[PDB]
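Asks: Counting from 0, one number per residue, gives the positions in the sequence shown under PDB author numbering. Each residue gets a CB set at the ideal place from its N, CA and C atoms; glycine is no exception.
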Amino acid sequence: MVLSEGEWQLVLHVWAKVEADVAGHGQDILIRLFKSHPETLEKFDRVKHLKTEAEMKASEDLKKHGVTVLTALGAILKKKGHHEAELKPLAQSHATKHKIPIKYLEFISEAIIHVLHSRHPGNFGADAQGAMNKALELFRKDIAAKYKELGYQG
Ligand code: HEM
């Protein structure tokens, strides 16, 4: 699949807002992920013991994790589809070290869309959401192809 420049512009325009507060968006997204799909929390040894949203909101480790995910994702989106180099080390660590099934990448995709929708209604209408979904699907498709080459494709 391939996105048009118009679709990339919609994605990057809302992302510019996310970047005004990377830590805040990272927390919201991870908390949304962990509450909607608790099984995912088990993958994070440094934060799996957190029982409530209040504990999550106060966690310094959770906030650092959020910044890391959004910074790596942002670097990928800014490549506008030319992200093969950025995807390799990422696919290897999630396939071989962490063992993250594609299904969980779909779950975090949902959390991202949910949060942008809440915090940026004016820059996240239907067209912009369609573009973001398309960009995240592109990301998932390429990652899963890499998973298979690496022997996981879980
Ligand atoms: C847009 C999605 C994702 C991006 C861009 C991403 C990115 C990263 C990055 C940059 C790291 C740092 C170094 C490394 O590769 O180990 C990392 C670590 C990790 N990722 Fe992700 N990740 C994503 C989704 C997920 C999801 C959905 C899960 C689990 C449900 C996950 C679990 C992990 C774990 C377990 C680690 C290591 C945490 C630790 O240091 O203890 N990742 N990820």
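Let me check understanding here. Comparing Cα to Cα, which of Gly25, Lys147, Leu11, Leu69 lies closest to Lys98?
Replies: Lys98 has its Cα closest to that of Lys147, out of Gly25, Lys147, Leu11, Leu69.
Asks: At what residue ranges does the stretch 69-123 contain a whole run of the alpha helix (DSSP H), taking only runs of 4 or more?
Replies: 83-91, 101-118
Asks: Going by Cα to Cα distance, which pick from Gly23, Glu136, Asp60, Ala22 is closest to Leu40?
Replies: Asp60
Asks: Looking at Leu32 and ligand 1, is the gap between the Cβ and the nearest heavy atom below 8 Å?
Replies: yes
Asks: Can the beta-carbon of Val21 be found closer than 9 Å to that of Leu86?
Replies: Their beta carbons are not under 9 Å apart, which means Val21 does not touch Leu86 by this criterion.
Asks: Under the rule that 16 or more other beta-carbon atoms within 10 Å means buried, what is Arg31, buried or exposed?
Replies: Taking every protein chain shown into account, the CB of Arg31 has 16 or more other CB atoms within 10 angstroms, so this residue is buried.
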